Amino acid sequence: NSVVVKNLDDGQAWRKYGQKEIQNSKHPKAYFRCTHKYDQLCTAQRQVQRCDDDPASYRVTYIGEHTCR
DNA sequence: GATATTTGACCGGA
DNA sequence: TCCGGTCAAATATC
Ligand SMILES: [Zn+2]
């Protein structure tokens with residue numbers, strides 16, 4: 001999983017999120033995560049609130065849809 | 001609007 | 001309390 005190369009454009013979509021000096025290393029280490037990391041979140045939400053007009057019932061609000069598997 | 005990078009802060013683990 | 005991995009605010013460039 002580790003390789004030695006001379007240009008960093010591996011054709012993947014990378015996003016830099018940090019850079020650290022490392023003890024006993026001459027050069028900093030850069031950190032990248034996938035640009036698409038969050039593109040497949042399940043964004044479905046639900047809100048629940050007892051009704052003012054009827055405390056025996058709940059208003060349930062559905063926001064978004066499920067994409068989870 | 002929105003997303004990218006830089007870079008010191010922050011935190012967990014040893 | 002040192003080290004290193006991640007976060008996030010500032011900043012950039014469009
Ligand atoms: Zn990916």
Side-chain angles (χ1 to χ4, degrees):
Chain A
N1 77 332
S2 185
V3 294
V4 184
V5 295
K6 283 162 171 237
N7 71 60
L8 305 175
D9 185 5
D10 61 4
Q12 311 269 50
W14 292 115
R15 167 145 146 181
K16 184 161 182 174
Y17 64 92
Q19 167 162 317
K20 286 298 278 197
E21 303 300 322
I22 309 289
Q23 293 298 123
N24 306 322
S25 290
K26 309 196 252 214
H27 309 289
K29 182 201 280 182
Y31 300 79
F32 307 76
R33 56 100 156 162
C34 178
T35 305
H36 308 314
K37 177 172 172 165
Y38 295 112
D39 291 353
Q40 288 189 252
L41 295 171
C42 184
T43 191
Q45 292 171 122
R46 188 189 62 167
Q47 314 175 333
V48 180
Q49 184 180 201
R50 202 173 301 274
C51 298
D52 291 329
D53 48 287
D54 176 18
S57 305
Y58 303 101
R59 173 151 324 262
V60 178
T61 306
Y62 290 97
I63 301 175
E65 71 216 272
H66 287 277
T67 49
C68 58
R69 163 188 303 131

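Chain letters run A, B, ... following the sequence lines, proteins first and then strands; every chain starts at 1. Values reported hereafter were calculated over all heavy atoms of this structure, with side chains retained and with hydrogens, waters and symmetry mates removed.
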**Prompt:** Which nucleotide in the list B:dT6, B:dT3, C:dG4 gets nearest to the side chain of A:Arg15?
**Reply:** B:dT3
**Asked** Counting only Watson-Crick or G-U wobble pairs whose two distances fall under 3.5 Å, which nucleotide matches C:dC14?
**Response** none
**Residue met sooner reading DNA chain B from 5', once A:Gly18 and A:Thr35 are mapped to nucleotides** = A:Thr35
**Prompt:** Taking atom P of C:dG5 as reference, at what distance in whole Å does atom OH of A:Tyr31 sit?
**Reply:** 4 Å
**Request:** Find the distance between CZ (A:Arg50) and OH (A:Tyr58) and round it off to the nearest 0.5 Å.
**Result:** 4.0 Å
**Under 4.0 angstrom between A:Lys29 side-chain N/O and C:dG5 OP1 or OP2** = yes
**Request:** Measure from OH on A:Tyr17 to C1' on B:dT5 and round the result to the nearest Å.
**Result:** 14 Å
**Prompt:** Can you tell me if the side-chain N/O atoms of A:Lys20 get under 4.0 Å from OP1 or OP2 in C:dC3?
**Reply:** no
**Fill in**
Here the gap from A:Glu21 atom CD to A:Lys26 atom NZ, rounded to the nearest 0.5 Å, amounts to 13.5 Å
**Asked** Looking only at heavy atoms, which two atoms of A:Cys51 and A:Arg59 are closest? And how far apart?
**Response** SG-N, 3.6 Å
**Request:** To the nearest Å, give me how far apart CD1 (A:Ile22) and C1' (C:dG4) are.
**Result:** 6 Å
**Asked** If we call it a pair only when both distances are under 3.5 Å in a Watson-Crick or G-U wobble match, what pairs with B:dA2?
**Response** none
**Message:** Quick check on DNA chain C: between A:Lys37 and A:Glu21, whose nearest nucleotide comes earlier from the 5' end?
**Reply:** A:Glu21
**Request:** Give a yes/no answer on whether the side chain of A:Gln19 brings an N or O atom under 4.0 Å of OP1 or OP2 in B:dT7.
**Result:** no
**Request:** Please determine, for C:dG4, whether a Watson-Crick or G-U wobble partner exists with both distances under 3.5 Å, and give it or none.
**Result:** B:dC11
**Request:** To the nearest Å, give me how far apart CD (A:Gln23) and P (B:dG13) are.
**Result:** 20 Å
**Message:** I'd like to know if A:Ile63 and A:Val48 are part of one continuous hydrophobic network [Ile/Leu/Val/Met/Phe/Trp/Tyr, side-chain heavy atoms within less than 4.5 Å].
**Reply:** no
**Message:** For the CG atom on A:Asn24, are there more than 12 heavy atoms of other groups (residues, nucleotides or ligands in this structure) within a distance under 6.0 Å?
**Reply:** no
**Request:** Quickly work out the A:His27 NE2 to C:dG4 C1' distance and round it to whole Å.
**Result:** 18 Å
